[PDB]
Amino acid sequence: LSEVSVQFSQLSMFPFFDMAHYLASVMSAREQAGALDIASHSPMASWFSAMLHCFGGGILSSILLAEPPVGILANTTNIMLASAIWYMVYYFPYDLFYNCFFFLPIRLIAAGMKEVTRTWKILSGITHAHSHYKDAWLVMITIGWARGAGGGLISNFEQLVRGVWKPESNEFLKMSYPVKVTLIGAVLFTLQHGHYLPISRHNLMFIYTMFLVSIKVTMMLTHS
C-alpha cells in the first residue's frame, strides 16, 4: 500500500512541526551541562545558544553555500516562534513549561516530530544544492547533511558560546547518532534525486522517517 506514503508527503511543517524541532532542541540544550546557570547569569548567551540548536542547520548550510547567515534571521515568524519556546523552557513560572514537556509521552511525541523535521531539512538542502550545482553529488550530500544535523556539526563553536571549550570532541572524531543518521539520509536521498536508488522519493521519504523515529523512541524508552 503506497497509498499512505503519498498522503504523508503532503505534510506542512510551518505550524506544528517547526515548534517541535524548536522545543526538542531547546530542551536538549537546557539538559546539557551547566546550561541552567548560563540563562540565569547570561540570558543573551543562552538565547544565542538556543538559536544555534534550532537554526544550526540553516546557519551551517548558508555558510557552506556563501549565503547570508543573517538571512535565517529574516523570518521573524520562525525566530519569534523559537525564541518564545526558549523563554518558556527556562523562565516559565514554577518551571511548569519544562516539567510539562519533560513528561515521557510528550517528550516522545515532540522528539519524534523533530525527526520528521529532519527529513524535509535534508531534502531541502539537497534540492537547494541542486539549484546551485546541478548533478554535483558531493555538494548535495554536504548541504543536505548540513541542514539535517547543523547543530551537531557547529557543536564545537556552540559550546564556545556558552563558555565551554572541548577541542577533543569533534563531530568527525566520534560521530554522534543524530549526525551519522543525517549523513546516511543525505547519502540515500542524494542517490534518489540522481535516480541511482530504485524507489520513489515519497516511499523512501517515509521509510527513512519511520526508521528514524523508531530508533529515537527506542533510545528514549530504554534510557528511562
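Start at 1 with the first residue shown and count on from there.
Undergrad: So 60-68 or 185-193, which one's hotter by mean CA B-factor in the entry?
TA: 185-193 has the higher mean C-alpha B-factor.
Undergrad: Decide which of the stretches 83-91 and 127-135 has the higher mean C-alpha B-factor, going by the entry.
TA: Mean B over CA atoms: larger for 127-135.
Undergrad: Using only modelled residues of the chain, where does the Cα B factor of residue 34 rank: lowest third, middle third or highest third?
TA: It belongs to the highest third of the chain when residues are ordered by C-alpha B-factor.
Undergrad: Please say which third, lowest, middle or highest, residue 43 falls into when its CA temperature factor is compared across its chain.
TA: CA B-factor rank for residue 43: lowest third.
Undergrad: For the chain shown, is the CA B-factor of residue 49 in the lowest, middle or highest third of its modelled residues?
TA: Lowest third - that is where residue 49 ends up once the chain's C-alpha B-factors are sorted.
Undergrad: Going by the recorded CA B-factors, say which third of the chain residue 170 sits in, lowest, middle or highest.
TA: For residue 170, the deposited C-alpha B-factor lands in the middle third.
Undergrad: By the recorded C-alpha temperature factor, relative to the other modelled residues in its chain, which third is residue 142 in?
TA: Answer is lowest: the recorded C-alpha B-factor places it there.
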